[PDB]
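Heads up: the structure comes next, in structure tokens.
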2 protein chains.
Amino acid sequence: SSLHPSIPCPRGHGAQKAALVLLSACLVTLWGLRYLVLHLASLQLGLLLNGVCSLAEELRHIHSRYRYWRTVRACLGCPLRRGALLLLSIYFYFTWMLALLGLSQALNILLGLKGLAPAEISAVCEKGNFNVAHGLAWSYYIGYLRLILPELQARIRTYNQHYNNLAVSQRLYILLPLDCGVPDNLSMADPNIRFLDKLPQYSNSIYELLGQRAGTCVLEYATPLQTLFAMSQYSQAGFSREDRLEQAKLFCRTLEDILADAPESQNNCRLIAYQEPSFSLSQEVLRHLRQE
Amino acid sequence: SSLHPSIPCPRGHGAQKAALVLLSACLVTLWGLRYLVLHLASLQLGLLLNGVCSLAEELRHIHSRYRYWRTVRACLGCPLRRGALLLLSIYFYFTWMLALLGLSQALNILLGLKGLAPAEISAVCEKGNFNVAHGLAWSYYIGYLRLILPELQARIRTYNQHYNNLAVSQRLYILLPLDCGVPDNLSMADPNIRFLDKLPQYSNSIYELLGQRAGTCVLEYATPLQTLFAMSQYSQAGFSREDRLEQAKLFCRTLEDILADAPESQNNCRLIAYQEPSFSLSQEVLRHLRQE
């Protein structure tokens with residue numbers, strides 16, 4: 001780190017080299033077979049059973065996360081290497097071994113052997129530097145919404161006198177396109193959506209909603225979706241559109257869990273997300289206003 | 001997920017319950033010992049050796065990451081449970097077993113058994129929702145610096161005519177306090193630092209640097225450190241100040257690696273970080289200007 005000494009360096013090839021050197025030195029020290037086979041076969045059988053136990057939970061998230069082969073290929077990692085090692089173990093090969101092996105796997109799952117080392121958690125979290133979902137949520141909450149949300153219904157009640165007699169719904173409505181393609185103009189997504197007013201006091205937009213003119217909405221896009229899209233159109237990132245969709249979904253759920261527990265943001269903003277494959281933004285927004 | 005069906009739900013207690021049920025059903029099926037002991041003792045010995053091999057790499061990051069007992073306690077996790085299991089295995093207990101065990105650990109380290117399942121990577125990354133370091137870096141790069149950095153030396157050469165004859169250094173200098181406490185005024189951190197000018201064209205600040213007046217700096221704080229600090233002063237977060245320091249260091253290194261590979265941002269901005277425990281911002285900045 002050519003900046004400051006207290007800032008740590010990324011993790012290098014330290015464990016592999018010294019580990020191989022020490023564990024080869026012990027081999028040469030003790031240099032000048034069926035227990036080995038049973039041990040490694042039991043190891044791979046336990047790892048495969050652990051993968052099946054993880055797949056038992058990941059069987060639920062099919063339609064919402066993984067859209068079969070891709071699910072198992074993502075949950076067990078590389079099952080080709082595991083199958084090849086299993087065929088080598090069975091070829092170079094006692095049914096009561098399976099009972100104690102299953103009990104060992106049950107004890108390791110329940111008692112929590114699979115709780116990782118915190119150094120491993122750090123090496124996973126600091127890898128690849130594209131884990132962009134929580135910075136956007138906390139920045140969008142602290143930097144924008146926390147400031148604008150206290151005075152919001154006050155300035156709505158300010159505006160309502162000029163439309164009730166001559167109204168505006170009380171909840172702020174945020175659009176969250178999962179395409180991550182955000183135009184500048186909200187009339188450009190639908191001609192039924194027209195600009196009506198700018199709310200006085202920074203930016204706000206009060207809209208009419210359609211010829212059945214029914215809704216008076218306070219509407220706004222979410223901001224960091226454009227940041228995700230510029231990361232997508234940044235060529236040297238190597239940031240795929242599937243990664244964009246993944247981080248968009250995680251951003252949505254994170255912002256939902258933040259607004260679920262906010263003390264001043266309980267019943268004054270509501271999130272609405274959509275995704276195109278026939279479609280209408282206006283019908284979904286009107287469903288939210290009618291259910292309001 | 002009460003928002004949209006395609007947004008996935010957090011991972012629940014699915015693996016534990018069904019795994020325990022199935023692995024107890026197999027026990028009751030096969031219901032109506034020293035191999036077990038050797039297998040589990042070999043398991044814990046291999047896990048302990050793997051922890052030592054990880055500690056061999058994590059021995060380097062003492063002064064920069066971990067400031068001994070805390071290092072091992074963070075690298076091996078809970079060694080009390082491992083020691084208790086090791087004493088149970090040795091109590092309820094062949095030196096040539098150690099050679100094959102070490103060779104098994106060497107093969108598992110080198111060939112890459114410890115490459116995790118991608119579902120495990122997802123469950124680690126989606127846990128706890130305080131991994132706030134990359135959203136801030138990419139938002140601060142795309143949203144602010146990418147726009148302001150092309151025209152920067154042009155407007156510096158615009159300004160230089162009024163001070164060379166009557167200068168301004170060419171690199172933008174960013175302060176990065178690791179305290180994450182950012183005052184509004186840069187003269188409030190040091191009376192030697194005085195406001196000289198606002199650079200015409202959004203915000204910019206050209207400063208004199210001290211009675212030995214020597215430096216003409218274009219100076220600015222980094223923005224999301226205030227976001228980190230407001231996360232620190234948010235009471236319901238449970239966000240400790242050590243977590244704040246950790247995410248600040250990771251933010252610094254991430255922004256450094258982004259600016260290392262930027263195509264238009266090669267030699268026009270330089271990062272400077274500092275940390276208080278006698279101190280001077282001005283002396284460190286002047287060292288950077290003299291080495292310039």
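A note on labels: chains of the structure tokens are A, B, ... as shown, every chain counts residues from 1, and ligands are counted from 1 in their shown order.
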
Requested in this report: Up to 6 Å from chain A, what residues of chain B turn up? Count only C-alpha atoms and give them as JSON, numbers by chain.
Outcome: {"B": [6, 7, 8, 14, 15, 19, 20, 23, 53, 54, 56, 57, 64, 74, 75, 76, 77, 102, 106, 117, 118, 119, 132, 134, 135, 136, 249]}

Can those selected residues be exported to a file as a PDB file, in the first residue's frame so that it contains N, CA and C atoms?
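Output below, filename selection39.pdb:
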ATOM      1  N   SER B   6     -40.526 -11.669  -7.747  1.00  0.00           N
ATOM      2  CA  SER B   6     -39.206 -12.040  -8.233  1.00  0.00           C
ATOM      3  C   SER B   6     -38.087 -11.629  -7.292  1.00  0.00           C
ATOM      4  N   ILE B   7     -38.345 -10.722  -6.360  1.00  0.00           N
ATOM      5  CA  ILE B   7     -37.329 -10.360  -5.378  1.00  0.00           C
ATOM      6  C   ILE B   7     -37.227 -11.484  -4.359  1.00  0.00           C
ATOM      7  N   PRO B   8     -36.051 -12.061  -4.151  1.00  0.00           N
ATOM      8  CA  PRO B   8     -35.937 -13.205  -3.249  1.00  0.00           C
ATOM      9  C   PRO B   8     -35.967 -12.790  -1.787  1.00  0.00           C
ATOM     10  N   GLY B  14     -33.916 -23.621   6.838  1.00  0.00           N
ATOM     11  CA  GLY B  14     -34.390 -24.718   6.026  1.00  0.00           C
ATOM     12  C   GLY B  14     -33.458 -25.907   6.045  1.00  0.00           C
ATOM     13  N   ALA B  15     -32.151 -25.644   6.009  1.00  0.00           N
ATOM     14  CA  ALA B  15     -31.174 -26.725   5.950  1.00  0.00           C
ATOM     15  C   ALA B  15     -31.089 -27.475   7.268  1.00  0.00           C
ATOM     16  N   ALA B  19     -32.396 -31.275   7.426  1.00  0.00           N
ATOM     17  CA  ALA B  19     -31.185 -32.082   7.518  1.00  0.00           C
ATOM     18  C   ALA B  19     -31.179 -32.931   8.780  1.00  0.00           C
ATOM     19  N   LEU B  20     -31.559 -32.340   9.915  1.00  0.00           N
ATOM     20  CA  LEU B  20     -31.640 -33.088  11.162  1.00  0.00           C
ATOM     21  C   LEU B  20     -32.715 -34.162  11.102  1.00  0.00           C
ATOM     22  N   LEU B  23     -31.344 -37.014   8.731  1.00  0.00           N
ATOM     23  CA  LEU B  23     -30.235 -37.735   9.335  1.00  0.00           C
ATOM     24  C   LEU B  23     -30.574 -38.340  10.689  1.00  0.00           C
ATOM     25  N   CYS B  53      -2.503 -23.146   8.882  1.00  0.00           N
ATOM     26  CA  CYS B  53      -2.076 -22.723   7.552  1.00  0.00           C
ATOM     27  C   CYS B  53      -2.682 -21.381   7.154  1.00  0.00           C
ATOM     28  N   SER B  54      -3.889 -21.079   7.627  1.00  0.00           N
ATOM     29  CA  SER B  54      -4.442 -19.747   7.393  1.00  0.00           C
ATOM     30  C   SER B  54      -3.744 -18.702   8.258  1.00  0.00           C
ATOM     31  N   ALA B  56      -0.694 -18.769   9.043  1.00  0.00           N
ATOM     32  CA  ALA B  56       0.602 -18.526   8.424  1.00  0.00           C
ATOM     33  C   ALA B  56       0.558 -17.358   7.449  1.00  0.00           C
ATOM     34  N   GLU B  57      -0.558 -17.174   6.748  1.00  0.00           N
ATOM     35  CA  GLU B  57      -0.713 -15.970   5.941  1.00  0.00           C
ATOM     36  C   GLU B  57      -1.113 -14.778   6.797  1.00  0.00           C
ATOM     37  N   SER B  64      -0.903  -3.775  10.661  1.00  0.00           N
ATOM     38  CA  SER B  64      -1.779  -3.059   9.752  1.00  0.00           C
ATOM     39  C   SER B  64      -3.227  -3.508   9.824  1.00  0.00           C
ATOM     40  N   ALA B  74      -9.218 -14.215  16.002  1.00  0.00           N
ATOM     41  CA  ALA B  74      -9.925 -13.852  14.790  1.00  0.00           C
ATOM     42  C   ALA B  74      -9.639 -14.789  13.628  1.00  0.00           C
ATOM     43  N   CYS B  75      -8.502 -15.477  13.629  1.00  0.00           N
ATOM     44  CA  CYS B  75      -8.167 -16.291  12.471  1.00  0.00           C
ATOM     45  C   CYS B  75      -8.698 -17.711  12.582  1.00  0.00           C
ATOM     46  N   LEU B  76      -8.750 -18.257  13.789  1.00  0.00           N
ATOM     47  CA  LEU B  76      -9.244 -19.614  13.973  1.00  0.00           C
ATOM     48  C   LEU B  76     -10.680 -19.652  14.462  1.00  0.00           C
ATOM     49  N   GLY B  77     -11.240 -18.512  14.842  1.00  0.00           N
ATOM     50  CA  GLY B  77     -12.631 -18.479  15.238  1.00  0.00           C
ATOM     51  C   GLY B  77     -12.810 -18.693  16.723  1.00  0.00           C
ATOM     52  N   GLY B 102      -1.339 -34.990   6.989  1.00  0.00           N
ATOM     53  CA  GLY B 102      -0.700 -33.805   6.452  1.00  0.00           C
ATOM     54  C   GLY B 102      -0.690 -33.764   4.940  1.00  0.00           C
ATOM     55  N   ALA B 106      -2.408 -31.002   2.587  1.00  0.00           N
ATOM     56  CA  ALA B 106      -1.646 -30.332   1.536  1.00  0.00           C
ATOM     57  C   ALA B 106      -2.347 -30.427   0.190  1.00  0.00           C
ATOM     58  N   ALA B 117     -18.714 -23.058  -1.952  1.00  0.00           N
ATOM     59  CA  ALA B 117     -19.863 -23.081  -2.831  1.00  0.00           C
ATOM     60  C   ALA B 117     -20.368 -21.657  -3.047  1.00  0.00           C
ATOM     61  N   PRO B 118     -20.838 -21.341  -4.256  1.00  0.00           N
ATOM     62  CA  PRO B 118     -21.343 -19.984  -4.517  1.00  0.00           C
ATOM     63  C   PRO B 118     -22.570 -19.620  -3.709  1.00  0.00           C
ATOM     64  N   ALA B 119     -23.355 -20.611  -3.291  1.00  0.00           N
ATOM     65  CA  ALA B 119     -24.442 -20.341  -2.362  1.00  0.00           C
ATOM     66  C   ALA B 119     -23.907 -19.884  -1.013  1.00  0.00           C
ATOM     67  N   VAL B 132     -20.680  -1.907   3.897  1.00  0.00           N
ATOM     68  CA  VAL B 132     -20.787  -0.641   3.192  1.00  0.00           C
ATOM     69  C   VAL B 132     -19.382  -0.158   2.880  1.00  0.00           C
ATOM     70  N   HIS B 134     -18.179  -0.599  -0.995  1.00  0.00           N
ATOM     71  CA  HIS B 134     -18.012  -0.500  -2.433  1.00  0.00           C
ATOM     72  C   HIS B 134     -19.065   0.367  -3.082  1.00  0.00           C
ATOM     73  N   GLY B 135     -20.258   0.407  -2.491  1.00  0.00           N
ATOM     74  CA  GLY B 135     -21.265   1.346  -2.940  1.00  0.00           C
ATOM     75  C   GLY B 135     -20.812   2.781  -2.804  1.00  0.00           C
ATOM     76  N   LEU B 136     -20.153   3.102  -1.690  1.00  0.00           N
ATOM     77  CA  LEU B 136     -19.642   4.450  -1.490  1.00  0.00           C
ATOM     78  C   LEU B 136     -18.551   4.783  -2.490  1.00  0.00           C
ATOM     79  N   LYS B 249     -11.084   2.118   6.070  1.00  0.00           N
ATOM     80  CA  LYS B 249      -9.858   1.628   5.443  1.00  0.00           C
ATOM     81  C   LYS B 249     -10.153   0.892   4.140  1.00  0.00           C
TER      82      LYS B 249
END

Query - All alpha helix (DSSP H) positions in region 38-222 of chain A, as an MDAnalysis selection string - result: chainID A and resid 38:58 69:75 79:91 97:111 118:125 134:140 146:148 152:159 161:164

Selection near residue 287 (chain B), 12 Å with only C-alpha atoms, sequence-local residues under 6 positions removed, as a compact mmCIF listing (two decimals) with N, CA and C atoms, in the first residue's frame:
# COMPACT_ATOMS: atom_id res chain seq x y z
N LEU B 209 -1.31 27.89 2.19
CA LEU B 209 -0.79 26.93 3.14
C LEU B 209 0.40 27.53 3.87
N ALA B 214 3.51 28.78 1.70
CA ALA B 214 4.20 28.08 0.62
C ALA B 214 3.28 27.41 -0.39
N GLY B 215 2.17 26.84 0.05
CA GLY B 215 1.36 25.98 -0.79
C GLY B 215 0.10 26.66 -1.29
N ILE B 272 -4.67 11.53 -0.17
CA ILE B 272 -3.90 11.71 1.05
C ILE B 272 -4.80 11.34 2.22
N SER B 280 0.08 17.77 12.33
CA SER B 280 -0.14 18.87 11.40
C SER B 280 -0.60 18.33 10.06
N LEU B 281 -1.78 18.75 9.62
CA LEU B 281 -2.21 18.49 8.25
C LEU B 281 -1.30 19.17 7.26

Query raised in the report: Closest to residue 225 (chain B) among B:283, B:291, B:158, B:247, using only C-alpha atoms?
Result: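 Checking each candidate against residue 225 (chain B), we get B:247 as the closest.
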
Query raised in the report: When distances are computed from only C-alpha atoms, which of A:208, A:292, A:220, A:179 shows the smallest separation from residue 163 (chain A)?
Result: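 Using only C-alpha atoms, the shortest distance to residue 163 (chain A) belongs to A:208.
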
Query raised in the report: Just how far from CA of residue 196 (chain A) is CA of residue 222 (chain A), in Å to one decimal?
Result: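 Calculated distance between CA of residue 222 (chain A) and CA of residue 196 (chain A) is 19.8 Å.
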
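In this structure, CA of residue 152 (chain A) sits 8.2 Å away from CA of residue 268 (chain A).
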
Requested in this report: Calculate how many Å separate CA of residue 144 (chain A) from CA of residue 223 (chain A), rounding to one decimal.
Outcome: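 Atom-to-atom, CA of residue 144 (chain A) to CA of residue 223 (chain A), that is 9.6 Å.
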
Report task. Using only C-alpha atoms, find the one residue out of A:210, A:218, A:289, A:88 that sits nearest to residue 168 (chain A). Result ->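 Among the listed residues, A:218 lies closest to residue 168 (chain A).
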